[PDB]
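S.K.: Got a structure here, written out as structure tokens. Questions coming.
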Amino acid sequence: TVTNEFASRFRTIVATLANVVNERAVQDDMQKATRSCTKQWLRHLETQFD
Amino acid sequence: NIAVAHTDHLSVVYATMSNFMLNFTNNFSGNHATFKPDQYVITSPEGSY
Amino acid sequence: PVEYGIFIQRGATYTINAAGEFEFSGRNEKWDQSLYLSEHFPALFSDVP
């Protein structure tokens, strides 16, 4: 009625693909700037998908 | 010379502040060595938080 | 400079291990504001002697 498993499958990809980005130990700071502001693209895109 | 007013006047306007409405968080600052604020994310079964 | 390299030796930051003392990271990192609301502390305030 209101499930749509295809949209939920993509939600699982976004969930496990987020940890790869939220683990990559970087240095020099400029990637720490983009390392946080990438989730505002990583999560926004998954909402557009649903 | 600032010591007089910064202790018995600018301190009264602070004690009143912690009693106002719309103020609901703990910005505790004593001991910088070990303090972190609280995360309060609104989570959902599906989607993102 | 003679004993700065002894301070920044143990670490620029640190985390707290589950139930216990601090854990200094052997890395020399520059501080950023993105780390504040997440994990770690500026170790120049960690007050272990």
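Ligands are numbered from 1 in the order shown, residues from 1 within each chain, and chains are lettered A, B, ... in the order they appear in the structure tokens.
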Select, as number ranges by chain, those residues of chain C with any atom no more than 12 Å from chain B (distances computed using only C-alpha atoms).
M.R.: C: 13-16, 21-22, 35-48
S.K.: Give me a file of those residues, with C-alpha atoms, as a tab-separated table (two decimals), in the first residue's frame.
M.R.:
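Final output, saved to result.tsv:
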```tsv
chain	number	residue	atom	x	y	z
C	13	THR	CA	43.97	15.82	19.64
C	14	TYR	CA	42.55	12.94	21.72
C	15	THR	CA	39.45	10.82	22.37
C	16	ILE	CA	38.08	9.28	25.57
C	21	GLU	CA	41.38	7.96	30.89
C	22	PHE	CA	42.21	9.82	27.65
C	35	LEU	CA	35.23	18.14	14.56
C	36	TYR	CA	33.49	20.09	17.36
C	37	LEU	CA	29.97	18.62	17.19
C	38	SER	CA	31.34	15.13	16.54
C	39	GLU	CA	34.36	13.66	18.34
C	40	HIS	CA	37.75	14.69	19.82
C	41	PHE	CA	39.10	17.69	21.74
C	42	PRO	CA	41.88	20.24	21.22
C	43	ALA	CA	44.57	18.45	23.27
C	44	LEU	CA	46.09	21.80	24.26
C	45	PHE	CA	43.28	21.78	26.85
C	46	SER	CA	43.49	18.11	27.86
C	47	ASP	CA	44.84	18.62	31.35
C	48	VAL	CA	46.77	15.40	31.95
```
S.K.: Within 10 Å of chain B, which residues of chain A are there when counting only C-alpha atoms? Please give them as number ranges by chain.
M.R.: A: 3, 7-8, 11-12, 14-15, 42-44, 46-47, 50
S.K.: Would you pick out the contacts of residue A:33 at 10 Å or less, using only C-alpha atoms, so that residues sharing its chain but fewer than 6 positions from it are not included, and give the list as an MDAnalysis selection string?
M.R.: chainID C and resid 32:35
S.K.: Based on only C-alpha atoms, which of the residues in chain A come within 7 Å of chain C? I want them as a list in words.
M.R.: residues 27, 28, 29, 32, 33 and 36 of chain A
S.K.: Could you pull out the helix (DSSP H, G or I) residues of chain C, going by DSSP on the backbone, and write them as JSON, numbers by chain?
M.R.: {"C": [4, 5, 6, 7, 8, 9, 10, 33, 34, 35]}
S.K.: May I have the selected residues written with C-alpha atoms, as an mmCIF file, in the first residue's frame?
M.R.:
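For reference, selection_11.cif as written:
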```cif
data_model
loop_
_atom_site.group_PDB
_atom_site.id
_atom_site.type_symbol
_atom_site.label_atom_id
_atom_site.label_comp_id
_atom_site.auth_asym_id
_atom_site.auth_seq_id
_atom_site.Cartn_x
_atom_site.Cartn_y
_atom_site.Cartn_z
ATOM 1 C CA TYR C 4 57.077 22.156 21.710
ATOM 2 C CA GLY C 5 58.152 19.090 19.711
ATOM 3 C CA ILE C 6 57.681 17.108 22.929
ATOM 4 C CA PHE C 7 54.098 18.365 23.366
ATOM 5 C CA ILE C 8 52.901 17.981 19.754
ATOM 6 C CA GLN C 9 54.675 14.596 19.879
ATOM 7 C CA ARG C 10 52.016 12.786 21.940
ATOM 8 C CA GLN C 33 35.223 23.396 13.362
ATOM 9 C CA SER C 34 33.744 20.256 11.746
ATOM 10 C CA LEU C 35 35.234 18.136 14.555
#
```
S.K.: Report the distance between atom CA of residue A:21 and atom CA of residue C:23 in Å, rounded to one decimal place.
M.R.: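 Interatomic distance, atom CA of residue A:21 to atom CA of residue C:23: 23.6 Å.
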S.K.: Determine, counting only C-alpha atoms, which protein, DNA and RNA residues have an atom within 9 Å of an atom of residue A:22; residues of the same chain fewer than 3 positions away are not included. Present the result as a PyMOL selection string.
M.R.: chain A and resi 17-19+25+35-36
S.K.: Chain C: which residues are strand (DSSP E or B) by DSSP, as a PDB file with N, CA and C atoms, in the first residue's frame?
M.R.:
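Final file, result_22.pdb:
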```pdb
ATOM      1  N   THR C  13      45.324  16.100  19.150  1.00  0.00           N
ATOM      2  CA  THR C  13      43.972  15.821  19.642  1.00  0.00           C
ATOM      3  C   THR C  13      43.938  14.519  20.446  1.00  0.00           C
ATOM      4  N   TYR C  14      42.755  14.174  20.954  1.00  0.00           N
ATOM      5  CA  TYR C  14      42.546  12.944  21.720  1.00  0.00           C
ATOM      6  C   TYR C  14      41.065  12.581  21.817  1.00  0.00           C
ATOM      7  N   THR C  15      40.798  11.301  22.070  1.00  0.00           N
ATOM      8  CA  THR C  15      39.450  10.817  22.365  1.00  0.00           C
ATOM      9  C   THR C  15      39.429  10.178  23.751  1.00  0.00           C
ATOM     10  N   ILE C  16      38.231   9.959  24.287  1.00  0.00           N
ATOM     11  CA  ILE C  16      38.076   9.284  25.573  1.00  0.00           C
ATOM     12  C   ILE C  16      37.593   7.852  25.347  1.00  0.00           C
ATOM     13  N   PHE C  22      42.172   9.319  29.027  1.00  0.00           N
ATOM     14  CA  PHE C  22      42.209   9.821  27.652  1.00  0.00           C
ATOM     15  C   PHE C  22      43.063   8.959  26.720  1.00  0.00           C
ATOM     16  N   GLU C  23      42.873   9.156  25.417  1.00  0.00           N
ATOM     17  CA  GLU C  23      43.643   8.462  24.387  1.00  0.00           C
ATOM     18  C   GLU C  23      44.147   9.428  23.316  1.00  0.00           C
ATOM     19  N   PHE C  24      45.407   9.840  23.456  1.00  0.00           N
ATOM     20  CA  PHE C  24      46.033  10.773  22.523  1.00  0.00           C
ATOM     21  C   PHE C  24      46.429  10.091  21.219  1.00  0.00           C
ATOM     22  N   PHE C  41      38.911  16.428  21.033  1.00  0.00           N
ATOM     23  CA  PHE C  41      39.104  17.687  21.738  1.00  0.00           C
ATOM     24  C   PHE C  41      40.437  18.287  21.309  1.00  0.00           C
ATOM     25  N   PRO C  42      40.550  19.629  21.335  1.00  0.00           N
ATOM     26  CA  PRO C  42      41.876  20.235  21.222  1.00  0.00           C
ATOM     27  C   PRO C  42      42.729  19.841  22.432  1.00  0.00           C
TER      28      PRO C  42
END
```
